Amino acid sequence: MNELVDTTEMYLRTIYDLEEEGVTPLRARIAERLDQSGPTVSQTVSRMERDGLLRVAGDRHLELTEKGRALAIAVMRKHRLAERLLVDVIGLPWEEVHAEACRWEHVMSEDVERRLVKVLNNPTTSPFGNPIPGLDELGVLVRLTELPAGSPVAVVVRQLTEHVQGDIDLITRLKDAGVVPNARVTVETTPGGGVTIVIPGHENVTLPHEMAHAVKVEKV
């Protein structure tokens, strides 16, 4: 089958993901993250633009229309409710719920979502600390790249957005290092964009710049 399960929904969530990372939603990012050629993402975006889902600007940045935004929120809502179910009730390992939820978000109905809100006891966040959007319509902080250079700082981990969950090796390293929602950790800025989690007496864990954008923390 189609590896993306629902191509149009993944284009929408990817753009939403990029907005959550504070980076500019571009066709080049969609191609890299969804493993699709330049031509292919251009054709698909034009089709989505035709269908009133996206707006392409002269400078190349992609925006979601009001119509496309509501659909993006609905997919992300199913994604984060599925991750809570997978972690809290099913017991699938933390670092594995993202790939599973990335498939389930395309087939879950809103009736299951509403049942999950009650079964999971009104969850407001995913297992990675991200807010669950669209609960209203269902019917029911600093980023790691904004830190002074060359100096350590004590922070409280709040969110790990969807981009960083896509790198299993890295997400496993972060989990093992205690980089999980609501945990306290001290980080240090690496000269070339990346950030570093300080681990006393052990090799530190380096977050490349694109992954540092995907981690939201609170200054202690």
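Each residue number is its position in the shown sequence, starting from 1.
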Between residues given as residue 119 and residue 120, how many of the deposited sequence are not built: none, 1 to 3, 4 to 9, or 10 or more? none
Tell me which of 184-192 and 154-162 has the higher mean C-alpha B-factor in the deposited entry. 184-192
Where do the C-alpha atoms have the higher mean temperature factor in this entry, in 67-75 or in 105-113? 67-75
With respect to the C-alpha temperature factors reported in the PDB entry, which of 99, 140, 85, 92 ranks highest? 140
Sorting the chain's modelled residues by C-alpha B-factor and splitting them into thirds places residue 135 in the middle
Mind checking which third residue 168 falls in for C-alpha B-factor across the chain? middle
Just say lowest, middle or highest third for the CA B-factor of residue 15 relative to the other modelled residues in its chain. middle
So where's residue 129 on the chain's Cα temperature factor ranking, which third? lowest
Residue 214 CA temperature factor, ranked by third within the chain: middle
